[PDB]
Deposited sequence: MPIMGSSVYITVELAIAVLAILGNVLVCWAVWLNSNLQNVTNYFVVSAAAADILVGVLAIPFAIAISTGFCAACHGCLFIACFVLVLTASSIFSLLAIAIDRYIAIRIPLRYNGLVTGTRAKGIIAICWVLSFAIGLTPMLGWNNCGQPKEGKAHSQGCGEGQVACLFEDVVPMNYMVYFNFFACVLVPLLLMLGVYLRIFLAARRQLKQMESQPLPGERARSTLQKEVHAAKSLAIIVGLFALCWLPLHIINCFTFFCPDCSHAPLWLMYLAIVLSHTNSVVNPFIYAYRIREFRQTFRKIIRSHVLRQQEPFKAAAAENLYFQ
């Protein structure tokens, strides 16, 4: 459906705009320049690449244009590399927040700029490795479906499920790229929520009653509700599609309809617009820099059209 195409491109636009806004905001505002926001900006940079490249490629993965088998496989693998990078760098934000809340005394000496650049280098090496695995031999290109070839000789209708094996999708891709990060981000959230709960408990003993503690609680509560949003949206966005993959593979009896496939693919991509944008938006310092960039842009654009009194 062209309804799928337009929704897909609408999301691609929002993915670029929101995340460019996050990258501009960190580049302009001096106060936003800390190690946490290197992770935020890396997730944002990975989201831009999803919007600019991965989403267009994922549309071609549905249109079924005629291509060589491995060339079609190449396009599908690149979707996987670019989406994985967006997941792994989002996970880095979560891990950074965990170390901030659990070990606040040692955070600065521990999460240094050199180490942060190392963590995101690993994210890409991970995304390349998992995403390009089907290219090294784990593919369906041994038996190209030539019945559908009206394609030329040695060409196939370029479909994801045609070229990418479902045992790779379920055993490797779903496990490594969705479930494990989701389980870890959930783990991180539960611990951050726990710390905040225990903190409030010990303030109720009121030995001070507390003002150093008062802000600590506010930090932990803020971090708790931010990570609830990250994880909740991540699960809402990525689980439906991958469960369908487990549906298709683990249950060869029972297949999902076409409209449902598109909806799930679209949902998978919308994680790139909301994560980590909503996390960023939730910080007041991000929100006020957003307002300044937007308002400045609108005023610089509208001023030539604004007539003086005479």
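Counting from residue 1 of the deposited sequence, the stretches lacking C-alpha coordinates in this chain are 1-5, 155-157, 263, 320-325.
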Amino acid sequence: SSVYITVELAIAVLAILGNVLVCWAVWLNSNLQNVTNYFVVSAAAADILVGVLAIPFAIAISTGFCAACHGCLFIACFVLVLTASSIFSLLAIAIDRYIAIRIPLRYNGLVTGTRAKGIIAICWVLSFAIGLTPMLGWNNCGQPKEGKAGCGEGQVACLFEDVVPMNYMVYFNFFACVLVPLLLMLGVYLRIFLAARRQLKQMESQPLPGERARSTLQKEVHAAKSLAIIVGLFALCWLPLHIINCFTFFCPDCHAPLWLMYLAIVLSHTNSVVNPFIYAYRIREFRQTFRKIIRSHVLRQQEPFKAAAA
From here on, numbers count along this sequence of modelled residues.
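Checked against the other entries of this protein, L227 counts as resolved in every one of those spanning it, not missing from a third of them.
Compared with other deposited structures of the same protein, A100 does not meet the criterion of being unmodelled in at least one third, since all of those that resolve residues on both sides include it. Legend: mean Cα B-factor per stretch from the PDB entry, 196-204 versus 139-147; the higher mean is in 139-147. As recorded in the PDB entry, 168-176 is the stretch of 86-94 and 168-176 with the greater mean C-alpha temperature factor. The PDB entry gives the largest Cα B-factor of the residues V50, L260, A280, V273 to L260. Highest C-alpha temperature factor among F78, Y107, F234, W124 per the entry: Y107. For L21, the recorded CA B-factor ranks within the lowest third of the chain. Only modelled residues enter the ranking. Annotation for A223: CA B-factor lies in the lowest third of the chain's modelled residues. In this PDB entry, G118 carries a Cα temperature factor that places it within the lowest third of its chain's modelled residues. For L132, the recorded CA B-factor ranks within the middle third of the chain. Only modelled residues enter the ranking. Compared with the other modelled residues of the chain, the Cα B-factor recorded for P240 ranks in the middle third.
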